[PDB]
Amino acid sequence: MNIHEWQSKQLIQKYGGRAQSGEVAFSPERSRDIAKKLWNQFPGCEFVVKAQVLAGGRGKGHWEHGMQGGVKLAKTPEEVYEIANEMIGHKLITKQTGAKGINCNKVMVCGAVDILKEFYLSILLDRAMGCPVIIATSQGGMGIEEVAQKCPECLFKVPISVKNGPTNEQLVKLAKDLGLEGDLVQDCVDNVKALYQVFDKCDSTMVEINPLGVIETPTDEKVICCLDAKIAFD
């Protein structure tokens, strides 16, 4: 059992992680209202509409009626209406779904942000090791399968003490191994700490953040932020 993106992100926020939960809408009219209200706070901003379905590969998927993409850029609230209207009540087809696609009943409306770096981060129980493991790569753009066979220096695997959880030294090293400097190191530490707490305290089978991003705020500060989230349970 997997939970939806927005639910996973809200759970991450509850444990102190930074994640763009946006706001969910169950109608295209409501989606447009969310975007219009957000223009009162950041005039001229763009939007991203994210189909909330239990499946990956949304961005490169397609809809029966012709729309391309399950994660779509929109420049206006009316474009948010148009995009959400093709998602809600319709089926999205991705490589992780059969040709049957999967039904979508709601979308996430997000502000469009500048993404500087994309990381992959997952937390799971590694049966071989017999302990929790934090897996991460500094090349979140490309799949994790390929990364381990086209640039293994960028993939990192961190065994975790089950009883003591991650140590500060482990997380600091992981942040620097991913290429982070300055304030971003401790920012990353805090976020991975929160991601592990979600994993441990929620009895999760997997916490996968793809991508864990370095984004710019509207005033150009660099911060760590979960831009996607998949949390699984048995």
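Start at 1 with the first residue shown and count on from there.
Participant: Can you tell me whether 117-125 has a higher mean C-alpha B factor than 135-143 in this record, or the other way round?
Facilitator: According to the entry, 135-143 carries the higher average C-alpha B-factor.
Participant: Name the higher of the two by mean Cα B-factor in the PDB entry, 147-155 versus 85-93.
Facilitator: Stretch with the greater average CA B-factor: 147-155.
Participant: Considering only 28, 166, 70, 43, which residue's Cα atom bears the greatest B-factor as recorded?
Facilitator: Top of the list by C-alpha B-factor: 166.
Participant: Going by the CA temperature factor in the entry, name the top one among 80, 110, 162, 107.
Facilitator: Max CA B-factor in the entry, restricted to 80, 110, 162, 107: 162.
Participant: Consider only the C-alpha atoms of the modelled residues in this chain, order them by B-factor as the entry records it, and name the third containing residue 36: lowest, middle or highest.
Facilitator: Lowest third.
Participant: Compared with the other modelled residues in the chain, in which third is the CA B-factor of residue 180?
Facilitator: Its C-alpha B-factor, which the entry lists for residue 180, ranks in the highest third among residues of this chain.
Participant: Using the B-factors in the PDB entry, rank residue 172's C-alpha atom against the chain and give the third, lowest, middle or highest.
Facilitator: Tercile = middle for this residue's CA B-factor.
Participant: Taking the entry's C-alpha B-factors for this chain, is residue 202 in the lowest, middle or highest third?
Facilitator: Top third by C-alpha B-factor.
Participant: Check where residue 58 lands among this chain's C-alpha B-factors and tell me if it's the lowest, middle or highest third.
Facilitator: For residue 58, whose C-alpha B-factor we compare with every modelled residue in the chain, the answer is the middle third.
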